[PDB]
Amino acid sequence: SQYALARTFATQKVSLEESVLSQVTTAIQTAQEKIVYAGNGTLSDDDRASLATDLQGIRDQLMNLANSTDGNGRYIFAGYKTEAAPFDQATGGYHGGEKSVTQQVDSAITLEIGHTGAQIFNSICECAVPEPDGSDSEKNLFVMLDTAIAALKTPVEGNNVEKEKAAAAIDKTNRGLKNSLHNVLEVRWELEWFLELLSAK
């Protein structure tokens, strides 16, 4: 019969997620800009290690966003497991809830108002760019970042075998960050739709 409270709760939760995912989007785009500079094979090992540090700062920001809590201190990207931070700080692994938070808002409509951290930070777009060798696309944002950061702190001057190895990891990160950004943008499209549905009452 009356969905007033349900719709206010879903508007609030969806607005919060859009607000945090907007920050995730900006941080992913900043890391992509770093990775473009890292594709320059005339960088010295000191320049490369400076880019690594910049990328660590961005990774740390994304980890703080992935472990975002709401007003009441409950984690927003953990599905129903809202009492513990869903991401492991060191590895970026997800161990929050596997089922998204849903809310019925009309006699017929139920919305996915809380996406899991797996859906946001350990998923890539349907439209993913493939690995050139046919191996699996990396799905975990933090892995993409950490593997780049490690390859940028590995000096490569005068050593072609290492130089190619480090440049292959940077290329792979460039592909992942596309794949991850596109996933977040598709989720944001879905939230934009939910807020249109909700505001039409």
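Residue numbers here begin at 1 and follow the sequence given.
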Higher mean Cα B-factor in the deposited model: 126 to 134 or 104 to 112? 126 to 134
Assert higher mean C-alpha B factor (39 to 47 or 149 to 157, deposited values) equals 39 to 47
Of the choices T69, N140, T173, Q29, which one's C-alpha carries the largest B-factor in the record? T69
How does the C-alpha B factor of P86 compare with the rest of the chain: lowest, middle or highest third? lowest
